[PDB]
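As a starting point, one isolated chain is supplied in structure tokens, in the form deposited in one PDB entry.
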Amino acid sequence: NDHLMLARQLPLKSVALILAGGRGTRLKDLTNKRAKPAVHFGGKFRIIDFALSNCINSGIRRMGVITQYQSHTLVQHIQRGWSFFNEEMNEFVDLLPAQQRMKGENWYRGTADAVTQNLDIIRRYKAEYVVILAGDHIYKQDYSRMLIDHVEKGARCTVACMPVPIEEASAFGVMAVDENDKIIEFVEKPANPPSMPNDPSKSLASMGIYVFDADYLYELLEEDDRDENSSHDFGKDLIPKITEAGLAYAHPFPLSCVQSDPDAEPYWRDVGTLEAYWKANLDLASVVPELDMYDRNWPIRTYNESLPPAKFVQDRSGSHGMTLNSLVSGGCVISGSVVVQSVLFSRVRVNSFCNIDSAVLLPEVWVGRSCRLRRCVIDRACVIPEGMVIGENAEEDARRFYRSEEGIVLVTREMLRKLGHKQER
């Protein structure tokens, strides 16, 4: 029951709801002053530019960004890079922070209790298909090929599923499907992740990407908001409820994935822990990145900040600066040091005689003279002092900064401010 012009009308009758929401507690000290969607990525992006540029390029120009925890950077970023819309053309990016009225009320008890507080505003949009996007994730998806796959099957809810290794399948929503892609068994974040049939080493996992018949969502949240034992969550409460009525279908992600190399596998990185954040950025620095960002058929929109060109200058001794598989964004000033496998964001000043290897330097970092950096993540505005050594003595990096179990170091201003180093340059 699909018309030949159906692929262009369904995005125009649809509304996306990005659950920027809370944080990732697994990113110890990267998030303490920001939400996980506002974590920097890619030299110039934040994570929420991925869950927003896929709505645009999918025709969905009606988004709803639900923000609760440390949203000042997020909201300022939406204001400055996602406020080119005109509300007359049926397009907007509405911010829906919890409405504060009394002393301390209305704080969004859950993921599914944030779309129910704002259920008097979303009704006004008059949307038939509600995409429910987790916007703390990194991907390149076309939701006008998932909306169709939702409309062909005659479904009421449509969960985007993609297989992942059973080792990491205890952190996502594992399901089980049939020949018609109907969800039979759904369980959220199990302790013993069930495997797929014919693939014992992999589990069919939910990505946090639900498409909903709007008439069904509203009747499902109002029918769940009165539940006293509910935890108010899509995975932990609702999707089991839809599944047990047999109204929940599964949409494979490889179908609706935008990738420039069809021979490759789909790219999904959720930046769960610190190690996967670091590994995810340097993938862009390699020679053949898994994530294409020089792609013009699916571009990513962000805050086009005005920065001068990246300047490389001679050190105090007149010598050269060497580079190898690195990204140097605008504003940077690298005074003749060695930079390898690194990602430097905007306005990173790197003075002389430094050595930087497999590092990620978030913006406005100042590296002092004669510093050695190996396998680290330097947070925003960190003023590294002269002669600092990082990533060569694991026993001396665990008791100064934070050091993951896999060997990744994280540097913040508070970590440096606690050792006496002044961070007011």
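Heads up: residue numbers just count along the shown sequence, starting at 1. Residues that one form lacks are left out of the comparison. Under this definition, the rigid core comprises the largest set of C-alpha atoms superposing within 1.5 Å between the forms.
- In the comparison with other entries of the same protein, residue 107 is left without coordinates in at least one third of those covering both sides of it.
The same protein also has a form deposited in another entry, omitted here; what follows describes it.
- The only C-alpha among 215, 105, 199, 87 that moves by 2 Å or more between the shown form and the other one, given a superposition on the rigid core, is that of 105.
- The Cα-Cα distance between residue 229 and residue 103 is shortened by 3 Å or more in the other entry relative to the form shown here.
- Put simply, residue 108 and residue 16 spread apart in the other entry: their C-alpha atoms are 3 Å or more farther than in the form shown.
- Against the superposed rigid core, the only consecutive-residue run (3 or more long) showing CA movement of at least 2 Å between the shown form and the other one spans 98 to 109.
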